[PDB]
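Shown next, in structure tokens, is the structure this report addresses.
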Ligand SMILES: [Zn+2]
Ligand SMILES: [Zn+2]
């Protein structure tokens, strides 16, 4: 409802249509001039303009024909997974059945084949075992019509039925063919020549045993052999393959894999049938982790008395597992061991004869491959933390331990490590055995180093997570609860495991006293009882539309990536959640932008109101140029390899049909709200289930609390983005157009704020030059250095006043965008834009809160991030929780996990987390330290105020002399200057120089001045600084000081000469203030466009 135009939005003719009509589902004014038609489909038919709304009307009618067919054959409605699969069947799509076991994947496959048999389409059902072939044929015969022709084949085949199947195979007088997996291998040629409309695979792993079955399956749905080899030639090369546009392949529905999809051949499905064959991911977990500080068998038996059944004890070694087994067998427990008689005691445990099963961490999962038993395992006990250990003896030290020690010492080069035995020679020829251990202790921060036993203990959080997940999974659509108890006595190992679980699984381990056992057991046993009910079905399919690929790639880490569909330009991933299925796809940036030709630089005026016209964005993948106009070739390099957002929008509408509900999860600011509306209004003519999610935190918890505050699109944020965009376009185009006539360069004005900041830099040159005053540095004996005005020839300094007070110095507030850019770029000598890129990187990778923030607010959850870190670090005494601000749409930049940069550094080297460079960790370190200081107690300090006479001038100096109690000292250093006394201090050495009191600008100080003087936004701070560098207006000298170039001075001289009242700071601040009010709904969106046009009208006149 923002009175806009979109150039490819109409759902009927694929052409231009207004924002207002798309929001109401209507096609464009050309297709349907009626504002309120009776039926849109039949209204377009009467006007003889029905073109592509026909596709959606047929899609829904054909889907509901399948739904009626399914409800007539079987007892009841489709499940949430079947609804998604049905809408992909009616579109001819191929996919993996992303769903947990026990949902009815076989039942769907039969109905799909039976439904297509009504239309005359042939299908072929494939099953791993020959028992299932006859079993499926038996169910099919009673579920099929007389006209339906079904023929089977199995190892126990009858003589008369075998020839009937083989004869009808050649005559093509069949509808459904059910045959075994071995059948495909032995009958490779006869199946490849056929073309089936539907292929159902009950078990991929059986089919994927031989690579040649992939070629057979692809040729079974009508993919030519020549295109298969051409696709394999590209995936072997490494890049992705694009299939021919006019290819009509049959449906290939396959089940999820149990084992790993090894090999590069299974990637053929991804490029020809546009779906990924991946194994199911069990990210959906409901576990309460409890830890007991002692490896005591008294509490072990007490826990087993409460649990009573479904316990899976995990010993670390076979020896101590044998010891536990003897103790438990002594207490009349029905306990089974998994080392000698594994099979008998496991199949006893599955039925219910054995209540407690004792396994060994190294080979329980290796033996149990093929049976997960979620209906039996309820409480998982861990006799000791499941950890991998390494010998710290030099002769037995692993390669990764030597890597960090020798790289810190500077002996080994940064590239690939040499032989492990070659690195062992270097360590012996430089380091002693005891020094080798002590270097590990001071560098390896994140693991556990024990000196006496010559052991390096590293908890295996991956193994803990896998063995914990055996107690909680999806049963009958219910994510059942589980309990995981760790009997770890070493606190350092427990703290190491605690932070690794938080990083990977976002789960926490409570202590024995905090756990209420009877409440946990009741939760687990009532959850299993709920699952045992019929429950009917409650699964939905949720689609999350993020804009950044980096965001979607971190969502996949806390959701799973069971499959990946290839949809035009975008990739839509799939995952299994407790609520159903979740899809998530990245938009790859903006979708729409203002055209450059219509009306006033792209904005038209109908009925006196400005209507912005948007055409889809196109990125040239070769030269990077972004353009809006519809072209075949790139306007710069004539390349036809453009990333057209028109296809991205087209894919989103096709996907929107399949999923039940859609949530546009862009960044929680005005920039992300404009993208959210552009997507939302485009999908509204195809789907009414669209809402907005605000993820300030790309995590499980940030995703959860974003959905708790679900809402619709805020048009005030949308209008605010349009006002800023139109101002930059109009001011930029007009001022650049004037500068084009004087200098000849194409793009010379990016807007009003950049010209304001440029004038600051140009006019700072004479401010700094005039401000040169003579100074003299005085070095005092037993005193600090003292800088004072020039020509000091007194040779002595006399103390006149001496005050000693005790302050409690409070810490600095947490980083906002301006604070982060100003301090991090000053400390780590980097441009503000580069710092901004690292900030955006960390936010999208789920390490810090939303970086675009103008508020120091810290949430109660965020305060607990510092408290848990201080409790781990042992300094919980110095925790002073501070909210810092009650106002703010976003809270301050802060680490979302209680993990410091050196701990993150260890995890990256170990391999737990990836994609963080050295500069990522340095920026995160500064963010972590200021945030921890902001939540740390005030440093009780003894201060001194001294009045000192220097050459007859009374100079004041204020200095800290003693720290009475440590606070945020540990995170941000606080220096203590030498104390003064009421004496005469002789001047040791005088240094005469000339220092300018008005300093030159730097990238950090420019950001500081923009915040101070009210111009700029967190979204635009670093961009404004960088554009000046990009267009050659400023440069950085030897000392990293921003100075204006000769070209930049001439350009601003022209601005101050002719158009000063538009560039002046006071007008820029006022308009930035106005646009903030438009975001809050305090100023009128159309009125401020009149305001901008009135100024622009006079800009052309001058
Ligand atoms: Zn139309
Ligand atoms: Zn190009």
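Residue numbers (the entry's author numbering): 2 to 1103. Note that CB positions come from ideal geometry on N, CA and C, so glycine has one too.
One Cα belongs to residue 1034, the other to residue 605, and the distance between them is close to 33 Å.
When the alpha-carbon of residue 570 is set against those of 393, 195, 275, the nearest one is in 275. For residue 23, the shortest separation between its Cβ and any heavy atom of ligand 1 does not lie below 7 Å. Fewer than three beta-carbon pairs drawn from the stretch 509–522 and the stretch 548–564 are found closer than 8 Å, and the two stretches are therefore not classed as touching. The three-state reading of DSSP puts residue 558 in helix, counting H, G and I together. Of 488, 281, 227, 320, the smallest CA-CA separation from residue 245 is found for 227.
Leaving aside the five residues that flank residue 207 on each side, the residues in its chain whose CB is nearer than 6 Å to its CB run, in chain order, 129, 182. Here the distance from the Cβ of residue 13 to the nearest heavy atom of ligand 1 is below 7 Å. At least one heavy atom of ligand 2 lies closer than 7 Å to the C-beta of residue 623.
With a 10 Å radius around the Cβ and a threshold of 16 neighbouring Cβ atoms, residue 1021 comes out buried. Here residue 649 is actually not in contact with residue 596; their C-beta atoms are around 18 Å apart, not less than 8 Å.
For ligand 2, a non-hydrogen atom lies closer than 7 Å to the CB of residue 640. Spanning the alpha carbons of residue 593 and residue 9 requires a straight line of approximately 10 Å.
Residue range 716–744 is occupied by the alpha helix (DSSP H) that includes residue 717. The stretch 900–962 is shown to contain whole beta strand (DSSP E) runs of 3 or more residues at 940–951, in chain order. The stretch 788–804 makes no contact with the stretch 1027–1042: fewer than 3 CB pairs, one atom from each, lie closer than 8 Å. Measuring C-alpha to C-alpha distances from residue 291 to each of 214, 787, 489, 223 identifies 489 as the nearest. Between the stretch 811–818 and the stretch 661–679 there are fewer than three inter-stretch CB-CB distances shorter than 8 Å, so the stretches are not counted as touching. Taking C-beta atoms as the reference points, residue 763 and residue 1049 count as a pair closer than 8 Å. Note that the C-beta distance between residue 961 and residue 942 is below 8 Å. Remark: C-beta atoms of residue 758 and residue 1025 approach each other more closely than 8 Å.
The closest CA to that of residue 602, considering only 715, 539, 736, 660, is found on 736. Shortest gap from the CB of residue 28 to any heavy atom of ligand 1: under 7 Å. Under the three-state reduction of DSSP output, residue 361 falls in the strand class.
For ligand 2, a non-hydrogen atom lies closer than 7 Å to the CB of residue 637.
Of all alpha-carbon atoms in 111, 102, 7, the one lying nearest the alpha-carbon of residue 254 is that of 111. The alpha-carbon separation between residue 572 and residue 645 amounts to approximately 14 Å. According to DSSP, residue 98 shares a beta bridge with 256. Per the C-alpha coordinates, the member of 117, 643, 380 positioned closest to residue 301 is 380. Counting along the chain, the unbroken beta strand (DSSP E) around residue 574 starts and ends at 571–578. Collapsing the DSSP output to three states places residue 58 in a helix. Shortest Cα-Cα distance from residue 243 to any of 288, 298, 233 involves 233. At a threshold of 7 Å, residue 608 does not count as near ligand 1, since its beta carbon sits no closer than that to any of the ligand's heavy atoms.
With 16 or more neighbouring CB atoms inside 10 Å of its own CB, residue 567 falls in the buried class. Under the 8 Å Cβ criterion, the stretch 826–843 does not count as touching the stretch 943–955, having fewer than three qualifying pairs.
Closest in C-alpha terms to residue 195, from the list 402, 647, 125, comes 125.
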